[PDB]
């Protein structure tokens, strides 16, 4: 399995300008005929090298002449002695029914569908499977009419006929040149929700949402979100849809969440199907996000695509930035910013400290599907947001406009995008480009001084990025560091120096620098790195009272929540050391009081109150420690929950009851009150046992929506309440026929604090609703245990590791892309104590000796064992 290197990029020897595909479709045996119009660019003696995986070649013709100057090798068809321009015809067979890996053409229940990104099209036919080759596709599909009445591909429906023996065919044509990763085909029998969107310039777009028969009742919300996404992209970015049809197909069997195939998105049905009794507020907001995200790729990804896969972040970071802007504009900006920062600090930082650490533009890749990461996505989007911060909205939109103007119709690079932002704005981004090529999280250390005699405040800011496995050399970055200074009244002190205003976004571009502010009439309380202005670790010696002052006075809701996190961080760390010495929780009175004040603040946005009253996850808590103690973290989280439930019992029950809502609305103000109410419930579940059991049981049974019912069930599990087993059994009996709803239940089982959690998880491998054939079920049961129950996964007897090895031994052959998502908890071994590393190392060595080890797992295992 060979590494590929970004510095090896070379323009292709041949282009394909047009491809005409014919699928004679059958689950056991599909015959693909592919007629491509090719043009030599390279040396006249260069062979055409086509990618192909698991393809049965039937014939090779060049201008209709059967070709003798070719050979097959590992993953390729090499064709020699070609004219400068020619028609390539390939005929080959593939077998959808045998495709367990779910890449290329496969079976989803009774449907046939495709997944081609990153390199899945070479599983369908021999092709230039590289994103800088853009061709105009036309696609004829021939299939059994009763089994596949709907035959879908990208673009517009240009031809159709019937044939003998109950077959029919449809031809599609997509006028936009595309890399083959954007190719899609779907065959099956669906219910179809149809609607329309009229674009701002009056183009009328048929919207079509394909769902399994019987699911039309779960489709309107995805349709609404689609129109919302199209409207928003017009208002915010000035971007209109460019075709006449927009199709989305919800499939149950899918390795990822969704895919932006031009004019024909394929979606995991998890990101389509919602009804108020099956779906939570979080599902609704996720559907909106993911619908919007694939929609936004129509421009940032499709109209302008990626020159090579090392440029992935060019589309993913930028499209994540967009879906965050969408969610934030439509919903609560503060809650969105808070949650995206949780993800950054709790999940992405961990990856940047891992053996899989990489720059947002990687330099080296063995298996490209291994790089659809928190780094390329979430940190990518933080980098885009820093550009936005440096340029401001107006110049940022100008840089978007110049980007499309220069690159519409072509495959571009990260550096092109930076270049467009830089030229449109006249902001210098040459230093800034270092964020693309350097991995690891910078640590920004702040020291301050107030001088009463000169009324000057001085910040001495430094930065370093520790070395990572992949990079021995590190250099300072261009770090936009936003500050605000508060006087004793909570008023913002104007920033200025020598009689002139100073931008509150400081340019931290050196290893060490000093910033001096004048006319600081009172010793300030600083808010630092406001709105998480650079993806960095902040090191500043806060006092508790600086932090409670910020919770009370900071202008932006994000800084209030962030202050609360810095306050908690101190006491999480205190109490994990205590836990390790056998000592019970200790928390000063004035900390509990900051949280009492939040509960009883009548002016606070409930959306903000709810986030402050949501404790860091065990994953955000882990990132406060060099060496992770997963059991101490888990138990301290619980003890902190119990302590606050006891100290704030009366205030919690009052705020819980005050936020009752008899109507269920998917509306942001209602979501916010319900999130606060359920945050109050979480603590109440951990107070006095009889009261808790009554409250939780009652909520589960009286809920008129899945949000309140799951919140209850999930508190029953978390606090191991007496009602737990009956409620869990009831949900099983009601919902077992419905995989997406049962995924919620598998997650709760997988993340239970019960002593016997692993025994229960293993038994659930035999559950009526579970199957190894379904990525959703695998992730919900096995992935949630290994990744979201660190206390049990890291049981000291090493039983967690052995369990995962067993599962990955299966999945390595069945579905390597899911195997490689699931191995991730094991590759974090260097973060754990020496006894744990030794057991995890041993598990990894077991996996490395597997016969037919997939490249997907090979890459991670070898970096981890190094």
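Numbering follows the first chain given and starts at 1.
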Mean B factor on CA atoms, stretches 749-757 and 77-85, record says higher is 749-757
The stretch carrying the higher mean Cα B factor in the deposited entry, 812-820 or 45-53, is 45-53
Among the candidates 292, 188, 359, 452, give the one with the maximum CA B-factor reported in the record.
452
From 503, 196, 305, 373, pick the one with the largest CA B-factor in the entry?
503
Name the third of the chain's ranked CA B-factors that contains residue 737, choosing lowest, middle or highest.
highest
Ranked C-alpha temperature factor of residue 59 among modelled chain residues, by third
middle
Sorting the chain's modelled residues by C-alpha B-factor and splitting them into thirds places residue 17 in the lowest
Per the entry's values, where does residue 790 land by CA temperature factor relative to the rest of its chain, in the lowest, middle or highest third?
highest
Relative to the other modelled residues in the chain, which third contains the C-alpha temperature factor of residue 27: lowest, middle or highest?
highest
